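What follows is one structure encoded as structure tokens, with my remarks underneath.
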Amino acid sequence: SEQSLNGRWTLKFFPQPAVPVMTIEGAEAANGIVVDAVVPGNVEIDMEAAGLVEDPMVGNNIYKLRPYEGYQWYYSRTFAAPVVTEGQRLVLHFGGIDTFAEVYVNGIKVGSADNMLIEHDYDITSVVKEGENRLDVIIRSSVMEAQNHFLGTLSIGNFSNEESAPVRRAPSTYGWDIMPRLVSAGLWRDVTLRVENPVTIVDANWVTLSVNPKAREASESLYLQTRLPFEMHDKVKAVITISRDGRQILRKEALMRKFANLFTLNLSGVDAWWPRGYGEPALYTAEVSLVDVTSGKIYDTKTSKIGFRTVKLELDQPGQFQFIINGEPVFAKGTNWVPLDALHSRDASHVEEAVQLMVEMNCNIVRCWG
Amino acid sequence: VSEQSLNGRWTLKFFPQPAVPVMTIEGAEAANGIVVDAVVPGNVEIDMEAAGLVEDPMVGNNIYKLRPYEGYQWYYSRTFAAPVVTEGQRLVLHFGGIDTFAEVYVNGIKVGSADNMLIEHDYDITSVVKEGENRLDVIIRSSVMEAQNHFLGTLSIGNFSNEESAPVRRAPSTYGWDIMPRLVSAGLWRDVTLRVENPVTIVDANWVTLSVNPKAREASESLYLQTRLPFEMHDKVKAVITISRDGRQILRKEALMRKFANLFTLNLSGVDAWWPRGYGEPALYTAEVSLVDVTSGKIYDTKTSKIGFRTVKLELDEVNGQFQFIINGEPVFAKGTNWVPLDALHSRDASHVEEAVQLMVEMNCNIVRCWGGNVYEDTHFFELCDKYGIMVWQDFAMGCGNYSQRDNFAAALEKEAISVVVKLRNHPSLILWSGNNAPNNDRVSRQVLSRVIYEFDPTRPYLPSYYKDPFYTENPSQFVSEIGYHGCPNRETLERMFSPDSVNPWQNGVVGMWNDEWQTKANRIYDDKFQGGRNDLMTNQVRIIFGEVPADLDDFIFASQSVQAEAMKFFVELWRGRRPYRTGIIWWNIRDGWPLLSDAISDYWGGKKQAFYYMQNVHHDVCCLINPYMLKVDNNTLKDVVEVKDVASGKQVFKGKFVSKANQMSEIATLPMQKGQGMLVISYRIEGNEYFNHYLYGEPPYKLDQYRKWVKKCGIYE
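Protein sequence lines correspond, in order, to chains A and B. If you're matching positions, the first sequence starts at 1 in my numbering and goes up one per residue. If you're matching positions, the second sequence starts at 371 in my numbering and goes up one per residue.
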């Protein structure tokens, strides 16, 4: 189960004082403006929906957002407590927080975020009560956080802003030659509530050792790590299924003796993955599940789509290399991937349109710019 | 000044570990469990077997019954008397081995948190100790569940070592291997004492031999002395250094302590060099350091240990095991055994050290590589190696595979590496440190461990990492380290390992098919029912070298120990035969650590196999042997007749004198190719003492009954 906490929140913004507000009391006692926010979303969208700011995409209205870089942002909402049996763990997942933020649940701090580029998972099993819970996030100024660090000589004078060096944020958000200075802020990705049984898959890392497209075979290894209580050892099996279009190709069951195992599979009758031009992008649904060998109850499932391919950069001056996919030297033709939107919360709505631009132009490679 | 032993009768309370691990005394006392009497040092399985709760894990498939106890907690508890402590003294609670993750409490106050089973743990309980009954509580938690507190890498999953052994600092073999079963266990597996230290005391006395002239009987010995010394005692304490041997005194030097740390150099005279077994005598000298008050003459602390004047250098050739050991400036040939666990229940390792070291003495081993999968043997083990002359190749405790590259693991490994090096850097037997790994981009083997040796031991070299087929006779590895060959143990051992209804190896009389009880003793880590695997290596060797399977169990025992004896004897004869080029050979297992089937030449209960006596005759200091014929003698000493004859026909193949030069392989004469499957005897006498050997010539398959009578007419062996 994964109940989504996306929707309408309550955002309160105010200039950041000399001491950044980091508690729910200081935020609720400050002097600011309270508007309705949308999660996922940026704070510029929430203020634009209330007429506080003008459209930054028209003319010189982008500089009119400059004073908001030294503002704080107070998200708030209420959520019902999901049914949690004893032994399960309730996790509050954050797809993205821009950036330095202090998360609170029912008045108790449940973590401190310091990066907008990675996820943030918080175990809130004990703090969640019965009924009306409250989730309050308090973001501070990402620009002012750069002054908490002393920079070196080489970190000053670059085209990237000196404010971007001591922090972990997207360098283009501070302005570049192809993207504007819209530092922005806010929960720009999904916020959900995942449940975790005492037996739950931690990671399912698929690796392609060798591939043989001619013989239609490939060696696929699976590195599985799981949280398995010892009272559940030797009582749970792992079901590995690799199918394609409702057609199963592999079904292997193995008893969970250890908590981490390497399951090397020798697939038969499977096509290799190829870039555009060099063949078909053969994908296979690879689903893993931890099922009780007695009650038959499935605890956790991790499904994905993998491709039997091998990569090997062949070197010999910048650029003296060639990609070798599946043993054949391929000629790369593609574009660099830049930000899809200065307000990165809308990148999910533009990814489908932008990828179509590459399909239409038949690009085999794409370099996601740093 | 005082060391009260806390060994003896304890109170062990074990219970299934809940979701939240028990950390405090209140939770352990309120938990529902079973309480029995425990013995320290001792494993928890020994304390449960003494109460009739578990059956003997050494017999049958009962090793799998200790599986649920891997997720159990263990609550040791006792009371001790508090010794009187004067002003400035400190009371140290010394644990010799905590297995593994435990919380130590003294009078309800947490004094330490142990997370390593391979090093010692000292806790100053000077303040928390009261008068009367002083409670001591050690609450251990599961080592298997602790592996889930980490996120492993890709290169740390799927190796021979268990994935539970990667994040923790324990012995990898305790989780399962090829020659040791899965017995993780727990408990205070070493001594627990109460040491009292004066304000003036010796923290460490590191002895290092700088120069050795073994001919002129001279040596230069340095002492890096670090002491705890209050400033009021400065200029009032003197260091007394005494070098003695067999009661007589050689050197005595006194120096006033003006600093807490000093380097004392000693140009000794009339002393002998410590040579390995064969190349000389293991000359040991008792070295003693004492801190004495310059006015009252009171002794504050004293450290006594036997040292050996020796220098070690490893000349490695790389591309161009391509190294050669140099001891005291002379190239030595290394021939010895790899040391594996002496017991899956490691608390009983101490009782087996005396017996197992003598096995290398009768084998005439001059080197022994302590396998990385084994716990660090205590000081008493290295003391026997100093006494006899058996060099040590100590591997850091890491199994076959790679480990974490992050700061958390590297810091926990440096703490263990420092504690181990400082503990063993004063024994002349220890000659080399190694990581037991695979590569040159590994932080563990190329940075963390190397930096510890660079600072705490700059004297010993460090390293990061059918039988006549061309895989063995053409391998260009000058220094081989893991050569093995399977062999079935003695009958008396089989009758004790297996139940009476399973002493016979064959299932339903079908030869080649092993029953489940033989499959488990072949080191089956888990209860996975399958046919074949490792035990098929015993049948594969008997079929090729002797034709097919001997249905008679005694005929199969004789066949299995003969294919192992003839193989590894041919390996020692091949490395000693190609000596000018070969640098050393270290075979696998001279004593296993559990009732199991392995490549060992001797089982756990002491049953020496035929490969023991075979390799003895090819391990003398001066040994005559035949290689594919070529009769040659190899000499493993620094000190400068033979009769070959067929056993059946009795015709003298060759007779004559020989001059075996020191530390050199001297070839004798080329023998003619005798037709027919037979056997030769190599009788040679040196200095009035007689010695015997043999050489089996021909080509397999052979006949078991014919070979049984060849060695009978030989006179050597049964």
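Ideal placement from N, C-alpha and C gives every residue a C-beta, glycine not left out.
Pull up the distance between the alpha-carbon of residue i and that of residue j, whole angstroms please.
{"i": "residue 376(B)", "j": "residue 912(B)", "result": "52 Å"}
{"i": "residue 260(A)", "j": "residue 539(B)", "result": "17 Å"}
{"i": "residue 20(A)", "j": "residue 32(A)", "result": "14 Å"}
{"i": "residue 304(A)", "j": "residue 224(A)", "result": "14 Å"}
{"i": "residue 426(B)", "j": "residue 896(B)", "result": "17 Å"}
{"i": "residue 466(B)", "j": "residue 745(B)", "result": "12 Å"}
{"i": "residue 604(B)", "j": "residue 662(B)", "result": "12 Å"}
{"i": "residue 10(A)", "j": "residue 345(A)", "result": "17 Å"}
{"i": "residue 659(B)", "j": "residue 629(B)", "result": "16 Å"}
{"i": "residue 278(A)", "j": "residue 333(A)", "result": "12 Å"}
{"i": "residue 708(B)", "j": "residue 646(B)", "result": "16 Å"}
{"i": "residue 592(B)", "j": "residue 576(B)", "result": "8 Å"}
{"i": "residue 785(B)", "j": "residue 792(B)", "result": "11 Å"}
{"i": "residue 108(A)", "j": "residue 968(B)", "result": "58 Å"}
{"i": "residue 142(A)", "j": "residue 213(A)", "result": "50 Å"}
{"i": "residue 831(B)", "j": "residue 681(B)", "result": "11 Å"}
{"i": "residue 826(B)", "j": "residue 622(B)", "result": "26 Å"}
{"i": "residue 1028(B)", "j": "residue 995(B)", "result": "13 Å"}
{"i": "residue 557(B)", "j": "residue 384(B)", "result": "11 Å"}
{"i": "residue 418(B)", "j": "residue 768(B)", "result": "29 Å"}
{"i": "residue 651(B)", "j": "residue 763(B)", "result": "19 Å"}
{"i": "residue 573(B)", "j": "residue 598(B)", "result": "6 Å"}
Near residue i, what residues of its chain come up, given a Cβ to Cβ distance below 6 Å and the 5 sequence neighbours on each side ignored?
{"i": "residue 484(B)", "result": "468, 472 and 491"}
{"i": "residue 626(B)", "result": "608"}
{"i": "residue 588(B)", "result": "639"}
{"i": "residue 455(B)", "result": "461"}
{"i": "residue 843(B)", "result": "none"}
Would you mind giving the Cβ-Cβ distance between residue i and residue j, rounded to the nearest angstrom? I have them listed as a contact below 8 Å.
{"i": "residue 416(B)", "j": "residue 715(B)", "result": "6 Å"}
{"i": "residue 671(B)", "j": "residue 566(B)", "result": "That pair is no contact at about 11 Å."}
{"i": "residue 579(B)", "j": "residue 679(B)", "result": "5 Å"}
{"i": "residue 559(B)", "j": "residue 698(B)", "result": "Residue 559(B) to residue 698(B), Cβ: 37 Å. No contact."}
{"i": "residue 942(B)", "j": "residue 990(B)", "result": "The Cβ separation is near 11 Å, so there is no contact."}
Can you tell me which residues form a DSSP beta bridge with residue i?
{"i": "residue 1025(B)", "result": "1013(B)"}
{"i": "residue 111(A)", "result": "103(A)"}
{"i": "residue 385(B)", "result": "443(B)"}
{"i": "residue 965(B)", "result": "Per DSSP, none; premise fails for residue 965(B)."}
{"i": "residue 658(B)", "result": "612(B) and 674(B)"}
{"i": "residue 804(B)", "result": "765(B) and 833(B)"}
{"i": "residue 200(A)", "result": "227(A)"}
{"i": "residue 273(A)", "result": "281(A)"}
{"i": "residue 810(B)", "result": "DSSP, once it has assigned bridges, lists no residue as partnering residue 810(B)."}
{"i": "residue 955(B)", "result": "705(B) and 850(B)"}
{"i": "residue 1064(B)", "result": "1051(B)"}
{"i": "residue 1039(B)", "result": "1001(B)"}
{"i": "residue 87(A)", "result": "Residue 87(A) pairs with nothing; no bridge assigned."}
Spatial neighbours of residue i within its chain, please: C-beta separation below 8 Å, excluding the five flanking residues on both sides.
{"i": "residue 88(A)", "result": "125, 195, 196, 197 and 198"}
{"i": "residue 633(B)", "result": "592, 593, 594 and 595"}
Whose C-beta lies closer than 7 Å to the C-beta of residue i among residues of the same chain, with five residues either side of it excluded?
{"i": "residue 931(B)", "result": "857, 858, 979, 980 and 981"}
{"i": "residue 115(A)", "result": "99 and 168"}
{"i": "residue 315(A)", "result": "321"}
{"i": "residue 729(B)", "result": "960, 961 and 972"}
{"i": "residue 563(B)", "result": "373, 374, 375, 376 and 464"}
When you compare the CB of residue i with every CB in chain D, is at least one pair closer than 9 Å?
{"i": "residue 554(B)", "result": "Of the protein chains in this structure, namely A and B, none is chain D."}
**OP:** Count the CB pairs spanning the stretch 964-979 of chain B and the stretch 856-863 of chain B that are closer than 8 Å, and state whether there are at least three.
**Re:** yes
**OP:** Spell out a yes or no on whether the stretch 722-737 of chain B and the stretch 766-784 of chain B are touching, meaning 3 or more CB-CB pairs, one atom from each, closer than 8 Å.
**Re:** no
Original post:
Any contact of the stretch 50-67 of chain A with the stretch 122-142 of chain A, i.e. 3+ C-beta pairs under 8 Å?
Top reply: no
Subject >> Contact the stretch 867-879 of chain B vs the stretch 937-955 of chain B: 3+ CB pairs below 8 Å >> reply: no
Original post:
Are three or more beta carbon pairs between the stretch 441-454 of chain B and the stretch 542-555 of chain B nearer than 8 Å?
Top reply: Fewer than three Cβ pairs drawn from the stretch 441-454 of chain B and the stretch 542-555 of chain B lie within less than 8 Å of each other, which leaves the two stretches out of contact.
Original post:
Does the count of Cβ pairs from the stretch 1071-1082 of chain B and the stretch 1054-1061 of chain B closer than 8 Å reach three?
Top reply: no
Original post:
Between the stretch 795-809 of chain B and the stretch 833-841 of chain B, do three or more beta carbon pairs fall short of 8 Å?
Top reply: yes
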